[PDB]
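Okay, so here's just one chain, in structure tokens, the form deposited in one PDB entry.
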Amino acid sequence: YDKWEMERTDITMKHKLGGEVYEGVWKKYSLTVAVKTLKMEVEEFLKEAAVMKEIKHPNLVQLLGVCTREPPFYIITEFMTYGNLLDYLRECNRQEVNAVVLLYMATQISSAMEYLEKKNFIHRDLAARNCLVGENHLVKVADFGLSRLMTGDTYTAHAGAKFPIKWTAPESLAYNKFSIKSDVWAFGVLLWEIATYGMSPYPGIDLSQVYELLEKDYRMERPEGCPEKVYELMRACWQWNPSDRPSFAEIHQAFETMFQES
């Protein structure tokens, strides 16, 4: 798609942000942008740009342009001024980022995931570190790793793939299998990260025993201050059987109701 194509000279790099990711300026609009460069495999990078062209949602990071004719290749996106959600929650004023703001953040993220669910994408690395925060608690999900997968289907990760174990669904840990329901599992963990203002999940629990614990129905306990209804949602996301987990449309509806009633 050539409406997306721009010359690399249209952008000036201002600050390196790691991970081959720069804060840049789109000079004709004096616009601050994020720029991902390639110093992963080329074809993988180009397909990631291709997927992002199809994505249009208020809570998914918006593609602005690509430079894909000649190396080095660029993917240019909107810039989210406050950076990743994990550090944002860890460093925030909790009187400002209070319970209703946490609900608002969860509603936004579930809205993005509902859109992906509907458009046959999976994310596969849903976590606070991969959400970005703009002004007035706007949250966007980073969408650079999206894979096409018809919502009824399963992706099998390449042999020897390494996971973020504590965000990873049981079926992914055991069988390298991913679906939108494994994104639902990860969303549950993300909810826990939000509720704890960015605590690390399963604290102190040895990574090699996480799977064994999950199969015996161990789950993280309700965070201090966490509303019971939100915790119930976490627990639904963490059902062992992927088909028992709620869809993102249901999750989003549930949060929309909670947020509106707050």
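Rigid core here is just the name for the largest C-alpha set that superposes within 1.5 Å across the two forms. In this text, residue numbers run from 1 along the sequence as written.
Same protein, other form: the form deposited with a partner chain bound, not shown, and the subject of what follows.
Using a 4.5 Å heavy atom cutoff, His158, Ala161 and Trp167 all lie near the partner chain in the entry with it bound. Proximity of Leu213 to the partner chain in the entry with it bound: non-hydrogen atoms within 4.5 Å are absent; the residue sits far from the partner. Checking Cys67, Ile194, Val61, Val230 for C-alpha shifts of 2 Å or more between the shown form and the other one, after the rigid core is superposed, gives a single hit: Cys67. Put the two forms on the same core and the Cα of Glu7 is off by 2 Å or more between the shown form and the other one. Comparing the forms between the shown form and the other one on their rigid core, the Cα displacement of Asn84 stays under 2 Å. With the core held fixed, the Cα of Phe144 is displaced between the shown form and the other one by 2 Å or more. Note on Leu126 and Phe144: their C-alpha atoms are nearer in the entry with it bound, a change of at least 3 Å from this conformation. Relative to this form, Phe144 and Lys118 approach one another in the entry with it bound, with their C-alpha atoms ending up at least 3 Å closer.
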